[PDB]
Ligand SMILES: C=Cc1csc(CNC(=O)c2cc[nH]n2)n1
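Shown below, as structure tokens, is a lone chain in the form solved without the named molecule; questions about how it binds or moves come after it.
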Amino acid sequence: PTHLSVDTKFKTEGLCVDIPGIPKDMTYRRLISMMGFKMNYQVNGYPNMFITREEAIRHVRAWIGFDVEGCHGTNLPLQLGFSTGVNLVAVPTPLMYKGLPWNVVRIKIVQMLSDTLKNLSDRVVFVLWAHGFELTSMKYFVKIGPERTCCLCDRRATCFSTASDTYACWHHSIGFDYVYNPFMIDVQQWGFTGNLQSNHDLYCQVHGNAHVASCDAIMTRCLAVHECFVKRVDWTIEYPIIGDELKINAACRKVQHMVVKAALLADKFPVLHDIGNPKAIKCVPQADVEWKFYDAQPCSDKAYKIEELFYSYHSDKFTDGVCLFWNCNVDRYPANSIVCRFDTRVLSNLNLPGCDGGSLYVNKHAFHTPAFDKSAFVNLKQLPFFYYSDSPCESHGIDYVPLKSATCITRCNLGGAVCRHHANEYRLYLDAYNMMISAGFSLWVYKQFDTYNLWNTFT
């Protein structure tokens, strides 16, 4: 019990309007066969085209919604919709494309999945609300066989060329014409009542339905993400490194020690209220303050209501000292807050589109994050960039151009000439900070926060 058995049952009711007469008793084995594929009793690391929920969840970065609509079945033109927003029209002979045969349409499919997936995943998982035309259309652009490696690298193959009779991964697939060894999962096998739109719209206002293929494909992946990452949350599942995950996580630790350390030095709060992750530690262990912790798991669905977090009767006085919300998403921060809030709208490889304007940020773990709302920060201001150190000016061990910055808050710069050590640290910390910002995290602070207050911490 790791892979989906081909002898598992498949509920065919969803199928029976595109495919009138379909047996009620049906396995994956008979379905895969019906879709026109011979598995060839093969023990070569691809037991089933179809996969478990848990396998799909481990492979979320691979998810592409797929939907087909009878545009007028061998007879008639098909509309191919993907959760990239692409619509291709195949003939037998937002983006909407004109009617073209399978031999060109399949080239476009490889180009499309390869660009989308090459920096996310080693595979594709077509996410379905299966009614029949999507399953029967796959023979026109899919080939299955034993697991293979790229003809130019050691990445597993995801594409095949009939021109060259060779195999490529997503990176090396240019001019390839077939999707090789795809995975797929039918959402309609998870026990839903009524149609897609009805269930999607229970959870999501952001994706409308223009009655076109791409719209259903997006709605399908949305509902899938809702079920697997919003309503259900599995924080145990790890995920491969595919980008700057380790630099971003480190940057985030540095910035947090910096900002909170300086917040305490500037306004000398007697108590810090640390609201969020129950695993969180004192980011400034040295600081004078009463450090009080308050457990709140990352809300995946709707942002926490400050009313429900604080009131219902703690120092209880959360208006005493400062409230630290480090990736704790609430509706409206109090004015005495330091806030780190992930911006769901950022374009990166770590950040997958989500449900109801939210986003799925995958970095070691998967965290569905509520839609960024600018109105949450009305009592606060954007935190300005700055570097602060009280460490001795002293090189040790980093080639130089004399550092001039107003935002380098150090004994040296007060004395008008930044020492080389604090100039190395400064340009390191600025890089970290830039990393974190571009990665999508935003920083906000109580309005009275003024970096001018930090200079007098040397005298």
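Heads up: residue numbers just count along the shown sequence, starting at 1.
Same protein, other form: the form deposited with the named molecule bound, not shown, and the subject of what follows.
Annotation: pocket blocked; 3 or more atoms of the named molecule, superposed via site C-alphas from its pose in the entry with it bound, fall within 2.4 angstroms of backbone or C-beta atoms. Proximity to the named molecule in the entry with it bound, taken as a non-hydrogen atom within 4.5 angstroms, holds for one residue of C228, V89, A376, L383, which is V89.
This chain is drawn without the named molecule; in the entry with it bound, the residue among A157, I109, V339, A213 with a heavy atom within 4.5 Å of it is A213. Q188 falls outside the set of residues with a heavy atom inside 4.5 Å of the named molecule in the entry with it bound. The named molecule is not shown here, and in the entry with it bound it never comes within 4.5 Å of any heavy atom of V124.
The named molecule in the entry with it bound comes within 4.5 Å of a heavy atom belonging to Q79. With a 4.5 Å cutoff on heavy atoms, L152 does not count as touching the named molecule in the entry with it bound; it lies far away.
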